[PDB]
């Protein structure tokens, strides 16, 4: 089932322990592997004591739809994973943010949903968890230890985030109009005006493919195609010590910019390696992360490298004929 990128699932020994601010793209990935980022989100926003993801890690998180394709690739980054790396922000839920029906919000402490204008998260505090509907957090004595399993987390939709190639606004307007033409029925998506209607049905579930292009709102699609290109970058690689764990920034920088470390074939054909010296010792090894590559989508005659792309459930209001 998926598997960790670098670091196995955590076994946390104290719920009051702190969440350190590590600086390397490997230490960050390791914290992602162990759901340290989602636990931090809980501590800040929902005033929550402890860690979520004990012994499970990111790989044991629950998805909706549960048959989640991207999950099978450990390298593909969920909206929370991009949050921990700075690529985007998952906002704290407000009253207006509509909780979509269909997922199994029961016992969940955290769940995350891509919205039409961004990414939103709902949390529960200490000793509480979500009721069947997801509208309320209520006392849950099975959440009392503060060292909670990974299935308490719910990531909605088959989403995968990456480094975009920025697009000019003229391209965004082209792509925004084409989506409007393709979904003329829709009035609002997640409260954001999409078409001009003057008569709107009540909010309704909406399953749609979308893409984050780095502008105000996502662009939803019906007819699109995808292609998983392999484009080498530094973030294609994580560097690790086989027993110490993730390496430090200065070490990993020395690996990726100085050809001083070791690693698998693709890394050596990017940065540089060496062998025939290691007697017993220990030196950082760098390996390729497990993903098909960077995703490129074709839509409206144009071809874009998005920040995030996936098929999730948003809330849309339709026309009243």
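Positions refer to the first chain, counted from 1.
Across the two stretches, 168 to 176 and 192 to 200, the PDB entry reports the greater mean Cα temperature factor for 192 to 200.
When 6 to 14 is weighed against 309 to 317, 309 to 317 comes out higher, by mean CA B-factor as recorded in the entry. Residue set 136, 160, 211, 90: peak C-alpha B-factor at 136 (per PDB entry).
Taking the deposited Cα B-factors for 41, 51, 267, 63, the highest one is held by 267. The PDB entry assigns residue 252 a C-alpha temperature factor belonging to the middle third of its chain's modelled residues. Per-chain ranking of the deposited C-alpha B factor places residue 36 in the lowest third. Per-chain ranking of the deposited C-alpha B factor places residue 245 in the highest third.
When the modelled residues of the chain are ordered by C-alpha B-factor, residue 207 sits in the middle third.
For residue 81, the recorded CA temperature factor ranks within the lowest third of the chain's modelled residues.
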